[PDB]
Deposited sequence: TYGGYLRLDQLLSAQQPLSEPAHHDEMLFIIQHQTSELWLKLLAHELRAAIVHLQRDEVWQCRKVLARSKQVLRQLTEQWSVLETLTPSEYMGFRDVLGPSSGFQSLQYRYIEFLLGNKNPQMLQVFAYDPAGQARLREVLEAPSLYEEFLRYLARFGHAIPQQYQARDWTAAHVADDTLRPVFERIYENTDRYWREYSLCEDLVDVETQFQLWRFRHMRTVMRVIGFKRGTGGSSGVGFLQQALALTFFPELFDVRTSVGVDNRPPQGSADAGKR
């Protein structure tokens, strides 16, 4: 049965609004958070595949899970259009019963390299999950594996990337500029690398839009935009390409 394979009775019975007279607009609020959380589960799943592909020098496949990841990210961004229909007037009606962090979101941020050892606490409330979270904190990021990939093929990548303490969020590296300069200037020769650099900018960019949208919705519903970056050098290089 369609309902049986997708476990719809379980899925469709996870919505328990807790407002006194059952406010009409509470449902939107729940669903919206639930669809998002499910997409976060798909994202992590694909992204994990990409890291393995890179590790095994499998470009097209890894490129074939990053393409999907972008689509999913574009969805996490599109969904805000519906929550935008929630007005302050409607929110007053059930906001009361509320008082909010996502272990899946943090997982995704850890995966892209934005690591923060302090984040492990506040989550050891789920050891099994905190364990999955710790595993990522201790291993290279998507960006770092990309770099470990470049070194495996003749690109001047600083030795410290072969092995260091991965638990510290990567720091912008000047010595990386020329590596990315050479790639963009010779595209015929470095087409594989070139394609991957662009896929990564897409991923970090679609991701920024998602965070920005998120903040505008919070403004219009609850009222009173960071500048963090995942791939510094890929963005910095823009100012020097074409020496």
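Note: segments 100-103, 229-243, 263-276 of the deposited sequence have no C-alpha coordinates in the structure.
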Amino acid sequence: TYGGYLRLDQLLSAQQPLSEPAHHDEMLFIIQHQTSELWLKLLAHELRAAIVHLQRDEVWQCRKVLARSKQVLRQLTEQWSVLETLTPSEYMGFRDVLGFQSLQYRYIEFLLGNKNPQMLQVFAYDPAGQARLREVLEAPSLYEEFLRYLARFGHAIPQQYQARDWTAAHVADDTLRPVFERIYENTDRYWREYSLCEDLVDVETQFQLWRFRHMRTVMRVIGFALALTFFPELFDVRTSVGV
From here on, numbers count along this sequence of modelled residues.
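Just going by the entry, 24-32 versus 187-195 on mean CA temperature factor gives the higher value to 187-195. The PDB entry records a higher mean C-alpha B factor for 127-135 than for its counterpart among 127-135 and 75-83. In this entry, the residue among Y91, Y105, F153, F146 with the greatest C-alpha B factor is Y105. Of the residues listed, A172, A169, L111, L98, the entry assigns the biggest Cα temperature factor to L98. Looking at the C-alpha B-factors along this chain, the one for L12 belongs to the lowest third.
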